[PDB]
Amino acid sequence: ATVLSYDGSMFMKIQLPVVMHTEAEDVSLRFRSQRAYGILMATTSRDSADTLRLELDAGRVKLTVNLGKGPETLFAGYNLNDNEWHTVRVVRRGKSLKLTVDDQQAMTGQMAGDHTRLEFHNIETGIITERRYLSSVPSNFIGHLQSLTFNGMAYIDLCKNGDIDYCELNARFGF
């Protein structure tokens, strides 16, 4: 429903009150953009390089997961910067990953190493603001997001309605 718009200088961050270590994530997000490159969503930790990161890369969705052994990647979809709405879904259960764009093929991967837990303090959109161990800085997002759900939490609406205490943002709500 509720759309959040980003002009390249805008962000929305969920800055969680205590560190999280998750064994599994289910993330879904609708987006629309003209840009071939740009952050969609990333988890960040103040204390490590761990991440579950989605971005546009050459018009594809690129998923990067780093649980402690280093970044591994998976791509799905193409020509997505057509300024039409697209959906992306990620499901991680320990070492197992699935990435699907527009309810097309589920792209699968298996993580290397013994790590199953993702450390994060923040869920970031628009701009990655916690950058210290940030492996590389994605371009800031220029476009629109809708229906961000992260482990059952519809953060655009939760933030819009002040239903949680954790949001920081300067992106623009609309429809």
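Residues carry their position along the shown sequence, with the first being 1.
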field: Between 24-32 and 132-140 (mean CA B-factor, as deposited), the higher
entry: 132-140
message: Ranking every modelled residue in this chain by its Cα temperature factor as given in the entry, which third contains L56?
response: lowest
task: Quick one: classify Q110 as lowest, middle or highest third of the chain based on its Cα B-factor.
output: highest
query: How does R89 rank on Cα B-factor within its chain, lowest, middle or highest third?
result: middle
Position of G70 among the chain's modelled residues by C-alpha B-factor, lowest, middle or highest third: highest
statement: Of the three thirds of the chain ranked by Cα temperature factor, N81 occupies the middle
